[PDB]
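For reference, the chain that follows is the form deposited in one PDB entry, supplied as structure tokens.
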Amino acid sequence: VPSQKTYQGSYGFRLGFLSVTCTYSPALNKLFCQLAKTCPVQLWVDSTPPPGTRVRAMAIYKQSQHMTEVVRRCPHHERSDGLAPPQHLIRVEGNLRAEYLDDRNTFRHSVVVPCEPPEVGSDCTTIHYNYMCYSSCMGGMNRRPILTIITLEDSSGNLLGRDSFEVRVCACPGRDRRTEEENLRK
């Protein structure tokens, strides 16, 4: 099972977050988003990682009883940008250099882009992710919560930093965030 251990590493790596289409709960460390819509995830570092640094996104099941199962789309949502394979839950929007990878040992999917410097007008680098299947989809996540694990890696795949967040893909992310936050209070 892929580690979800937070690891700021030598570069001080950590994530930040911004009709609601995507909303992040700091209290829950949980992103709520609509199907296939833009999810801006910010990459923050204290110092600039070397040339060739890469950023990988991968989904895992949050519950220990499901951690060994590969997160994939349900059959219905398999059937596009002509780049993300139809089985991949997570895709990147707006990056000409996205790589879609299947682990040969674990069968897990991931998407990698080069680590780029912050865009003009921003103190951080933002990646736009899309989630291609609902949390509730029978045959896919089937109501099981997931984590997205973001790893900062060197050009050879070695770990430089790690952070993570829970995700719910749902039709009414603002309402679902409110319900889960109010339920946490009560």
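Here the rigid core means the biggest group of C-alpha atoms that line up within 1.5 Å when the two forms are laid on top of each other. The first residue of the shown sequence is 1; numbering continues from there.
Gap check for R79 to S80: 1 to 3 deposited residues are absent from the model. The modelled chain breaks after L18 and resumes at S19, leaving 4 to 9 residues of the deposited sequence without coordinates. According to the PDB record, 80 to 88 carries the higher mean C-alpha B-factor of the two stretches 100 to 108 and 80 to 88. In this entry, 133 to 141 shows the higher mean Cα temperature factor of the pair 29 to 37 and 133 to 141.
If you compare the C-alpha temperature factors of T151, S156, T126, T148 in the entry, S156 comes out highest.
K62: CA B factor lies in the middle third for its chain, per the PDB record. The deposited CA B-factor of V70 belongs to the middle third of values across its chain. Sorting the modelled residues of the chain by their CA temperature factor places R168 in the lowest third. Sorting the modelled residues of the chain by their CA temperature factor places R178 in the highest third.
The following text describes the form solved in complex with a small molecule, which does not appear among the structures shown.
Note on the partner interface in the bound PDB entry: the residue among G157, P50, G139, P26 having a heavy atom within 4.5 angstroms of the small molecule is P50. Put simply, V55 is close to the small molecule in the bound PDB entry: some heavy atom of it is within 4.5 Å.
A residue is said to contact a partner when one of its heavy atoms sits within 4.5 Å of a partner heavy atom; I90 fails this definition for the small molecule in the bound PDB entry, lying far away. At the 4.5 Å threshold, heavy atoms of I60 stay clear of the small molecule in the bound PDB entry, well away from it.
Not displayed here, the small molecule is kept clear of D103 by more than 4.5 Å at the level of heavy atoms in the bound PDB entry. No residue of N29, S122, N158, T38 other than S122 has its CA displaced by 2 Å or more between this form and the one not shown when the core is superposed.
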